[PDB]
>>> print(open('model04.txt').read())   # compact mmCIF, C-alpha atoms
# COMPACT_ATOMS: atom_id res chain seq x y z
CA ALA A 44 108.54 102.90 107.41
CA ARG A 45 111.24 105.49 108.05
CA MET A 46 113.03 104.26 111.18
CA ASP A 47 115.49 105.47 113.79
CA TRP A 48 117.70 103.34 115.99
CA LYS A 49 119.10 104.83 119.18
CA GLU A 50 121.27 103.10 121.74
CA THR A 51 120.92 104.56 125.20
CA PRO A 52 123.04 102.86 127.87
CA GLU A 53 119.90 101.08 129.13
CA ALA A 54 118.44 99.78 125.86
CA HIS A 55 118.09 99.89 122.08
CA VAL A 56 115.18 102.11 121.00
CA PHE A 57 113.70 101.89 117.50
CA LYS A 58 111.16 104.33 116.10
CA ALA A 59 109.05 103.85 113.00
CA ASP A 60 106.74 106.34 111.36
CA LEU A 61 103.61 104.33 110.66
CA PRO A 62 100.88 106.99 110.44
CA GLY A 63 97.31 105.71 110.34
CA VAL A 64 98.38 102.13 110.95
CA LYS A 65 96.57 99.82 113.36
CA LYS A 66 98.39 97.26 115.51
CA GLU A 67 96.63 94.43 113.64
CA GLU A 68 98.55 95.64 110.58
CA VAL A 69 102.06 95.82 112.09
CA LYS A 70 104.30 93.03 113.29
CA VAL A 71 107.38 93.07 115.53
CA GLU A 72 109.23 89.76 115.70
CA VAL A 73 112.66 88.47 116.68
CA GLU A 74 114.57 86.00 114.51
CA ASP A 75 117.66 83.90 115.08
CA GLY A 76 118.14 85.41 118.52
CA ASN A 77 119.47 88.80 117.42
CA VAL A 78 117.38 90.09 114.51
CA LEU A 79 114.59 92.59 115.12
CA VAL A 80 111.99 92.45 112.37
CA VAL A 81 109.36 95.08 111.64
CA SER A 82 106.77 94.53 108.91
CA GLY A 83 103.20 95.32 107.97
CA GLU A 84 100.81 96.99 105.54
CA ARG A 85 98.41 99.88 106.12
CA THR A 86 94.88 98.69 105.32
CA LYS A 87 92.64 100.30 102.73
CA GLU A 88 90.66 103.13 104.28
CA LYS A 89 87.14 101.69 104.28
CA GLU A 90 86.04 105.23 103.48
CA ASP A 91 83.10 106.22 101.30
CA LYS A 92 83.29 104.12 98.14
CA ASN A 93 82.55 106.66 95.34
CA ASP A 94 84.46 109.61 96.79
CA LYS A 95 86.34 111.87 94.40
CA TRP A 96 90.12 111.78 94.80
CA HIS A 97 91.52 115.23 94.00
CA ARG A 98 95.01 114.54 95.32
CA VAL A 99 96.66 111.46 96.83
CA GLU A 100 100.15 111.64 98.30
CA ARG A 101 99.74 109.25 101.21
CA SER A 102 100.40 105.98 99.44
CA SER A 103 101.71 103.26 101.76
CA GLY A 104 102.22 99.55 101.08
CA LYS A 105 103.72 96.30 102.34
CA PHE A 106 107.23 96.33 103.84
CA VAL A 107 109.69 94.37 106.00
CA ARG A 108 112.71 95.66 107.92
CA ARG A 109 115.45 93.91 109.88
CA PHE A 110 118.20 95.04 112.27
CA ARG A 111 121.07 93.04 113.72
CA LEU A 112 121.10 93.52 117.48
CA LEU A 113 124.52 93.69 119.14
CA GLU A 114 123.42 91.04 121.64
CA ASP A 115 120.79 88.30 121.71
CA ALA A 116 117.64 89.89 123.09
CA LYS A 117 115.49 88.54 125.92
CA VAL A 118 112.31 88.43 123.86
CA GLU A 119 110.06 88.55 126.94
CA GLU A 120 111.59 91.91 127.87
CA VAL A 121 111.09 93.57 124.48
CA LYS A 122 108.37 96.25 124.62
CA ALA A 123 106.46 97.54 121.58
CA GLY A 124 103.95 100.37 121.56
CA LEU A 125 102.02 102.18 118.86
CA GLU A 126 101.01 105.79 119.46
CA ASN A 127 100.30 108.88 117.33
CA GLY A 128 101.45 107.02 114.23
CA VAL A 129 104.80 106.12 115.77
CA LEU A 130 105.85 102.55 116.51
CA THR A 131 108.38 102.20 119.32
CA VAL A 132 110.38 99.06 120.04
CA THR A 133 112.52 99.05 123.17
CA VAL A 134 115.11 96.29 123.63
CA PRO A 135 116.63 96.08 127.15
CA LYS A 136 120.37 95.46 127.18
CA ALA B 44 103.68 116.35 105.49
CA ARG B 45 101.90 114.04 103.03
CA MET B 46 98.30 115.02 102.37
CA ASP B 47 95.32 113.60 100.50
CA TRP B 48 92.45 115.68 99.17
CA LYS B 49 89.16 113.84 98.67
CA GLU B 50 85.68 115.19 98.00
CA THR B 51 82.44 113.83 99.42
CA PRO B 52 78.97 114.98 98.43
CA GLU B 53 78.95 116.90 101.72
CA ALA B 54 82.52 118.21 101.98
CA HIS B 55 86.14 118.32 100.87
CA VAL B 56 88.23 116.16 103.18
CA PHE B 57 91.96 116.58 103.74
CA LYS B 58 94.24 113.99 105.36
CA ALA B 59 97.80 114.53 106.60
CA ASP B 60 100.39 112.08 107.90
CA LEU B 61 101.77 113.65 111.08
CA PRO B 62 103.32 110.81 113.05
CA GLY B 63 104.70 111.82 116.44
CA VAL B 64 102.92 115.17 116.53
CA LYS B 65 100.75 116.17 119.48
CA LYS B 66 97.67 118.31 118.80
CA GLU B 67 99.43 121.16 120.64
CA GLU B 68 102.05 121.28 117.88
CA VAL B 69 99.61 121.44 114.97
CA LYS B 70 97.70 124.49 113.77
CA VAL B 71 94.72 124.45 111.39
CA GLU B 72 93.60 127.77 109.93
CA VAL B 73 91.94 129.60 107.06
CA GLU B 74 93.95 132.54 105.71
CA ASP B 75 92.90 135.23 103.23
CA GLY B 76 89.33 134.01 103.67
CA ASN B 77 89.71 130.85 101.60
CA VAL B 78 93.14 129.28 102.07
CA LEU B 79 93.39 126.25 104.35
CA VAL B 80 96.70 126.31 106.22
CA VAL B 81 97.98 123.23 108.04
CA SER B 82 101.25 123.82 109.88
CA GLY B 83 103.20 122.79 112.94
CA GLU B 84 106.46 121.22 114.05
CA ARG B 85 107.73 117.67 114.43
CA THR B 86 109.99 118.30 117.42
CA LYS B 87 113.43 116.71 117.33
CA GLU B 88 114.19 114.64 120.43
CA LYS B 89 117.77 115.89 120.84
CA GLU B 90 118.36 114.09 124.16
CA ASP B 91 121.77 113.52 125.77
CA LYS B 92 125.30 112.65 124.61
CA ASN B 93 125.17 109.37 126.52
CA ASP B 94 123.07 108.16 123.59
CA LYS B 95 124.36 106.71 120.33
CA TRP B 96 122.61 106.83 116.95
CA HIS B 97 122.90 103.82 114.64
CA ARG B 98 120.26 104.91 112.15
CA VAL B 99 118.28 108.06 111.46
CA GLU B 100 115.65 108.22 108.71
CA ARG B 101 112.82 110.07 110.38
CA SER B 102 112.51 113.79 109.67
CA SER B 103 111.81 116.60 112.13
CA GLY B 104 111.20 120.32 112.01
CA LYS B 105 108.53 122.61 110.62
CA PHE B 106 105.90 121.69 108.04
CA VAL B 107 103.48 123.89 106.09
CA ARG B 108 100.59 122.94 103.81
CA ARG B 109 98.16 125.17 101.93
CA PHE B 110 95.05 124.38 99.88
CA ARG B 111 92.73 126.91 98.28
CA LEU B 112 89.14 126.27 99.35
CA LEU B 113 86.07 127.43 97.41
CA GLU B 114 85.05 131.10 97.63
CA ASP B 115 81.81 129.58 98.97
CA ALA B 116 82.84 127.04 101.61
CA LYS B 117 81.58 126.69 105.18
CA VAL B 118 84.75 128.35 106.51
CA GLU B 119 83.12 128.56 109.96
CA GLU B 120 82.25 124.86 109.87
CA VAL B 121 85.69 123.38 109.22
CA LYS B 122 86.54 120.56 111.62
CA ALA B 123 89.97 119.12 112.37
CA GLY B 124 90.66 115.78 114.00
CA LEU B 125 93.95 114.11 114.90
CA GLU B 126 94.27 110.39 115.57
CA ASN B 127 96.94 107.74 115.09
CA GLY B 128 99.34 110.19 113.47
CA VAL B 129 96.79 111.23 110.85
CA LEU B 130 95.17 114.67 110.70
CA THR B 131 91.74 115.04 109.10
CA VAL B 132 90.20 118.35 108.07
CA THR B 133 86.57 118.50 106.96
CA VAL B 134 85.56 121.52 104.90
CA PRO B 135 81.74 121.52 104.47
CA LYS B 136 80.45 122.43 101.01
>>> encode(input="model04.txt", output="structure tokens")
Amino acid sequence: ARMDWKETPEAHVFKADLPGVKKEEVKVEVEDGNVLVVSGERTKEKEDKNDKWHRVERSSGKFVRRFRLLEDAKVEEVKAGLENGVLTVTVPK
Amino acid sequence: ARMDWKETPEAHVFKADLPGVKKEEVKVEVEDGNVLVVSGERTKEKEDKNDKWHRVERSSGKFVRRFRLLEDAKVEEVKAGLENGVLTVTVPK
């Protein structure tokens, strides 16, 4: 989960490369008022059991990440969207 | 760009993690008659100086991937799909 953290004047924007991940496999939470938490685990591709694996580089697993926000976030204002393999978490300041 | 290479009884299937890449930035071709070429660019969101970066782990720029297909592969029947940051190329046998 390679991630970026940008602070525009309007909000804190986090990006996470989570290719091939479904929302039911990712989790965005807030702890102790100012700690953004991103975790998950890409599911096994329920693809043809018996296939021959010539080469496998894409090998993702479980993970958890945390960031200390500069200010307590208004959890009901935090937006999180998943698109084209990129998770985006916007935190309004 | 991380890629998997699996083989089904019907075709060789290639997967590529391309988070944050729109189908207009990816190119799928067959060079020299039997070389699969997956390339494109993961555009950097330069933005404005008003912004402030606290963390940067995600990569950007050009990517190039080449696999040598069989001298007898349905080169005219290769399909390419892009969904949830994952590219899939199906080369019929």
>>> closest_residue(input="model04.txt", among="A:120, A:53, A:46, A:70", to="residue 93 in chain B", atoms="only C-alpha atoms")
A:53
>>> calpha_fit_rmsd(input="model04.txt", fixed="chain B", moving="chain A")
1.6 Å
>>> closest_atom_pairs(input="model04.txt", of="chain B", to="chain A", cutoff="8 Å", atoms="only C-alpha atoms", output="Markdown table")
| residue | atom | partner | partner_atom | distance |
| --- | --- | --- | --- | --- |
| B:45 | CA | A:101 | CA | 5.6 |
| B:46 | CA | A:100 | CA | 5.6 |
| B:47 | CA | A:99 | CA | 4.5 |
| B:48 | CA | A:98 | CA | 4.8 |
| B:49 | CA | A:96 | CA | 4.5 |
| B:50 | CA | A:95 | CA | 4.9 |
| B:51 | CA | A:94 | CA | 5.4 |
| B:52 | CA | A:94 | CA | 7.9 |
| B:59 | CA | A:101 | CA | 7.8 |
| B:60 | CA | A:62 | CA | 5.7 |
| B:61 | CA | A:62 | CA | 6.7 |
| B:62 | CA | A:128 | CA | 4.4 |
| B:63 | CA | A:127 | CA | 5.4 |
| B:64 | CA | A:127 | CA | 6.9 |
| B:65 | CA | A:127 | CA | 7.6 |
| B:93 | CA | A:51 | CA | 6.6 |
| B:94 | CA | A:51 | CA | 4.5 |
| B:95 | CA | A:50 | CA | 5.0 |
| B:96 | CA | A:49 | CA | 4.6 |
| B:97 | CA | A:48 | CA | 5.4 |
| B:98 | CA | A:48 | CA | 4.9 |
| B:99 | CA | A:47 | CA | 4.5 |
| B:100 | CA | A:45 | CA | 5.2 |
| B:101 | CA | A:45 | CA | 5.4 |
| B:126 | CA | A:127 | CA | 6.5 |
| B:127 | CA | A:127 | CA | 4.2 |
| B:128 | CA | A:128 | CA | 3.9 |
| B:129 | CA | A:63 | CA | 5.6 |
>>> write_last_selection(input="model04.txt", atoms="C-alpha atoms", output="mmCIF file, keeping the file's coordinate frame")
data_model
loop_
_atom_site.group_PDB
_atom_site.id
_atom_site.type_symbol
_atom_site.label_atom_id
_atom_site.label_comp_id
_atom_site.auth_asym_id
_atom_site.auth_seq_id
_atom_site.Cartn_x
_atom_site.Cartn_y
_atom_site.Cartn_z
ATOM 1 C CA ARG B 45 101.900 114.040 103.030
ATOM 2 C CA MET B 46 98.300 115.020 102.370
ATOM 3 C CA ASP B 47 95.320 113.600 100.500
ATOM 4 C CA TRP B 48 92.450 115.680 99.170
ATOM 5 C CA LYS B 49 89.160 113.840 98.670
ATOM 6 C CA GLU B 50 85.680 115.190 98.000
ATOM 7 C CA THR B 51 82.440 113.830 99.420
ATOM 8 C CA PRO B 52 78.970 114.980 98.430
ATOM 9 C CA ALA B 59 97.800 114.530 106.600
ATOM 10 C CA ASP B 60 100.390 112.080 107.900
ATOM 11 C CA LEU B 61 101.770 113.650 111.080
ATOM 12 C CA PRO B 62 103.320 110.810 113.050
ATOM 13 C CA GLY B 63 104.700 111.820 116.440
ATOM 14 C CA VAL B 64 102.920 115.170 116.530
ATOM 15 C CA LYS B 65 100.750 116.170 119.480
ATOM 16 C CA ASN B 93 125.170 109.370 126.520
ATOM 17 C CA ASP B 94 123.070 108.160 123.590
ATOM 18 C CA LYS B 95 124.360 106.710 120.330
ATOM 19 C CA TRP B 96 122.610 106.830 116.950
ATOM 20 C CA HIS B 97 122.900 103.820 114.640
ATOM 21 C CA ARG B 98 120.260 104.910 112.150
ATOM 22 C CA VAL B 99 118.280 108.060 111.460
ATOM 23 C CA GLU B 100 115.650 108.220 108.710
ATOM 24 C CA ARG B 101 112.820 110.070 110.380
ATOM 25 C CA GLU B 126 94.270 110.390 115.570
ATOM 26 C CA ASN B 127 96.940 107.740 115.090
ATOM 27 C CA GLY B 128 99.340 110.190 113.470
ATOM 28 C CA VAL B 129 96.790 111.230 110.850
#
>>> atom_distance(input="model04.txt", atom1="CA of residue 116 in chain A", atom2="CA of residue 72 in chain A")
11.2 Å
>>> atom_distance(input="model04.txt", atom1="CA of residue 115 in chain A", atom2="CA of residue 67 in chain A")
26.2 Å
>>> residues_around(input="model04.txt", residues="residue 113 in chain A", least_positions_apart="4", cutoff="10 Å", atoms="only C-alpha atoms", output="list in words")
residues 55, 77, 78 and 136 of chain A
>>> write_last_selection(input="model04.txt", atoms="C-alpha atoms", output="PDB file, keeping the file's coordinate frame")
ATOM      1  CA  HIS A  55     118.090  99.890 122.080  1.00  0.00           C
ATOM      2  CA  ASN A  77     119.470  88.800 117.420  1.00  0.00           C
ATOM      3  CA  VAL A  78     117.380  90.090 114.510  1.00  0.00           C
ATOM      4  CA  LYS A 136     120.370  95.460 127.180  1.00  0.00           C
TER       5      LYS A 136
END
>>> atom_distance(input="model04.txt", atom1="CA of residue 104 in chain A", atom2="CA of residue 79 in chain A")
20.0 Å
>>> closest_residue(input="model04.txt", among="A:76, A:103, A:112, A:66", to="residue 88 in chain A", atoms="only C-alpha atoms")
A:103
>>> closest_residue(input="model04.txt", among="A:75, A:81, A:111, A:68", to="residue 123 in chain A", atoms="all atoms listed in the file")
A:81
>>> closest_residue(input="model04.txt", among="B:135, B:124, B:73, B:82", to="residue 108 in chain B", atoms="all atoms listed in the file")
B:82
>>> decode(input="model04.txt", residues="chain B", atoms="C-alpha atoms", output="short mmCIF file (atom, residue, chain, number, x, y, z; two decimals), in the first residue's frame")
data_model
loop_
_atom_site.label_atom_id
_atom_site.label_comp_id
_atom_site.auth_asym_id
_atom_site.auth_seq_id
_atom_site.Cartn_x
_atom_site.Cartn_y
_atom_site.Cartn_z
CA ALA B 44 4.40 -2.36 -13.53
CA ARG B 45 3.96 -5.73 -11.79
CA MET B 46 2.69 -8.47 -14.07
CA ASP B 47 1.55 -12.07 -13.74
CA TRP B 48 1.66 -14.61 -16.54
CA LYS B 49 -0.78 -17.51 -16.26
CA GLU B 50 -1.79 -20.12 -18.81
CA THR B 51 -5.27 -21.53 -19.30
CA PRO B 52 -6.16 -24.40 -21.62
CA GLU B 53 -7.52 -21.73 -23.98
CA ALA B 54 -4.99 -18.90 -23.64
CA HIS B 55 -2.05 -17.22 -21.94
CA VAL B 56 -3.32 -14.53 -19.60
CA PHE B 57 -1.29 -11.53 -18.47
CA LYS B 58 -2.18 -9.26 -15.53
CA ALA B 59 -0.65 -5.87 -14.70
CA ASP B 60 -1.08 -3.60 -11.69
CA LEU B 61 -1.68 -0.12 -13.11
CA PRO B 62 -3.36 1.85 -10.34
CA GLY B 63 -4.35 5.38 -11.31
CA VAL B 64 -3.98 4.81 -15.05
CA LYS B 65 -6.80 5.62 -17.45
CA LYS B 66 -7.21 3.41 -20.53
CA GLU B 67 -6.14 6.40 -22.64
CA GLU B 68 -2.69 6.23 -21.06
CA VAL B 69 -2.11 2.52 -21.67
CA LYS B 70 -1.08 0.89 -24.94
CA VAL B 71 -1.27 -2.83 -25.72
CA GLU B 72 0.52 -4.07 -28.83
CA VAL B 73 2.28 -6.93 -30.58
CA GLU B 74 5.68 -6.03 -32.03
CA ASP B 75 7.91 -8.06 -34.34
CA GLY B 76 4.96 -10.37 -34.90
CA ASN B 77 5.17 -12.14 -31.54
CA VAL B 78 6.19 -9.74 -28.78
CA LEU B 79 3.46 -8.46 -26.46
CA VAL B 80 4.19 -4.87 -25.46
CA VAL B 81 2.36 -3.23 -22.56
CA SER B 82 3.34 0.40 -22.04
CA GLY B 83 1.99 3.74 -20.90
CA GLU B 84 2.48 6.47 -18.33
CA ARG B 85 1.40 7.00 -14.74
CA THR B 86 1.02 10.78 -14.91
CA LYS B 87 2.41 12.77 -12.00
CA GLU B 88 -0.14 15.15 -10.47
CA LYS B 89 2.27 18.08 -10.11
CA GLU B 90 -0.41 20.54 -8.94
CA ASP B 91 0.29 23.91 -7.28
CA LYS B 92 2.77 25.33 -4.76
CA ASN B 93 -0.05 26.04 -2.31
CA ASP B 94 0.13 22.33 -1.57
CA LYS B 95 2.44 20.62 0.92
CA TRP B 96 3.71 17.03 0.73
CA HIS B 97 4.09 15.07 3.96
CA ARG B 98 4.68 11.68 2.36
CA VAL B 99 5.37 10.38 -1.13
CA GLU B 100 5.72 6.66 -1.85
CA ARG B 101 3.75 6.25 -5.04
CA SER B 102 5.69 6.17 -8.30
CA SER B 103 4.89 7.94 -11.56
CA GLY B 104 6.26 8.08 -15.08
CA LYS B 105 6.63 5.67 -17.97
CA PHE B 106 6.38 1.88 -17.78
CA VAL B 107 7.23 -0.78 -20.37
CA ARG B 108 6.62 -4.53 -20.33
CA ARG B 109 7.43 -7.14 -22.96
CA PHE B 110 6.60 -10.85 -23.21
CA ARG B 111 7.43 -13.13 -26.11
CA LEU B 112 4.29 -14.92 -27.32
CA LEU B 113 4.29 -18.18 -29.28
CA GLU B 114 5.17 -18.09 -32.99
CA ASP B 115 1.67 -19.58 -33.33
CA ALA B 116 -0.62 -17.44 -31.19
CA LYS B 117 -3.91 -15.80 -32.13
CA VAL B 118 -2.19 -12.41 -32.49
CA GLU B 119 -5.37 -11.02 -34.07
CA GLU B 120 -7.48 -12.31 -31.18
CA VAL B 121 -5.66 -10.69 -28.25
CA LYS B 122 -8.01 -8.89 -25.88
CA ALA B 123 -7.13 -6.27 -23.29
CA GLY B 124 -9.29 -5.21 -20.38
CA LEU B 125 -8.69 -2.62 -17.67
CA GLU B 126 -10.60 -2.56 -14.40
CA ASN B 127 -9.87 -1.55 -10.81
CA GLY B 128 -6.28 -0.66 -11.60
CA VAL B 129 -5.57 -4.08 -13.10
CA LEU B 130 -4.89 -4.70 -16.79
CA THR B 131 -5.70 -8.10 -18.28
CA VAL B 132 -4.45 -9.32 -21.65
CA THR B 133 -5.79 -12.55 -23.13
CA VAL B 134 -3.67 -14.19 -25.81
CA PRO B 135 -5.64 -17.09 -27.38
CA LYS B 136 -3.69 -20.28 -28.04
#
